[PDB]
Amino acid sequence: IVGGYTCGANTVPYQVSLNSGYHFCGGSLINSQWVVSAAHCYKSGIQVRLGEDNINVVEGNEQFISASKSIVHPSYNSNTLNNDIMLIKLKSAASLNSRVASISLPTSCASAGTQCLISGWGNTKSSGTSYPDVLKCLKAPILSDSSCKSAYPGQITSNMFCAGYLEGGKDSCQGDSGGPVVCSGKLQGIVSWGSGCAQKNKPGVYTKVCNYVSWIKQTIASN
Ligand SMILES: NC(=[NH2+])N1CCCCC1
Ligand SMILES: [Ca+2]
């Protein structure tokens, strides 16, 4: 997250870290046994880390649970990043509390102008590299589809939305991939792609979760 603020320990209780020896992506807990993330975060041997703030220090509220199965969207395209969503089932159910909690799925898509919360442990600089150890947060609005398509001509599908600031300076960044965009208490987005980080006229692009609720619900119900 570039241009954000320190969230505060366990103030984003649905935020997860995906760990393969090191943090490599974010995700969101959507019930006691399932996490949603970006398909471009797919790899084997994932451990899901819940209840994290400082990812390098054991602070006492963590739950570390191995994945038992991962399911990349059937129509994910790695070249265009269309349908950039995956589901991860935990080997055992998480213990839900005030600091580890699920985030609701949307019943309706969010409109442009809605303010959302984006969070992650990704790079905090637009030029250079500095990775924080504690969770960072950013409040950002959903942009109009017209502004989104004008920023990325020929690249924005119906399954994507832009959020952030056309002026630049505030955005998600590398290592935030997979993480949540929460608006009015519902998961509306997944951190997906962009051109660099926090550049003028290049906002972040997010997977539009409301399009996938049916697939999520049916997949969970049979796996
Ligand atoms: N919002 C961005 N600029 N992103 C998404 C996360 C990866 C780097 C590009
Ligand atoms: Ca920790």
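For ligands, and for the atoms within them, numbers begin at 1 and follow the listed sequence. All residue numbers refer to positions in the sequence shown, counting from 1.
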Nearest neighbour of atom 3 (N) of ligand 1 from the list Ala38, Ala198, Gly204, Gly196, on a heavy-atom basis: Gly196

Audit row: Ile216, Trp34, side-chain contact (heavy atoms from CB on, under 4.5 Å) steps and yes/no: CA-CA 10 Å; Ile216 293 169; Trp34 288 89; over 6 Å; no

Under 3.0 Å from the Ca ion (ligand 2) - does any N, O or S atom of [X] fall there?
X     : value
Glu62 : yes
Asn56 : no
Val57 : yes

Is there side-chain contact between [X] and [Y], with heavy atoms separated by less than 4.5 Å?
X      : Y     : answer
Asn123 : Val2  : no
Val48  : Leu18 : yes
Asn19  : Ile46 : no
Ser75  : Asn83 : yes

Contact check: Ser192 vs ligand 1, nitrogen or oxygen atoms, below 3.5 angstrom: no

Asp171 N/O to ligand 1 N/O under 3.5 Å: yes

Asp176 touching ligand 1 at heavy-atom level, < 4.0 angstrom: no

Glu52 OE1 and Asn54 O subtending at the Ca ion (ligand 2) (10° steps): 90°

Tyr152/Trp193 aromatic ring centres below 6.0 Å: yes

Distance filter under 4.0 Å to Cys173 heavy atoms, resulting ligand 1 atoms: 6 (C), 7 (C), 8 (C)

Partner of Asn82 under side-chain hydrogen bond (donor to acceptor under 3.5 Å, both in side chains), chosen from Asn77, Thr207, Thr157: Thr157

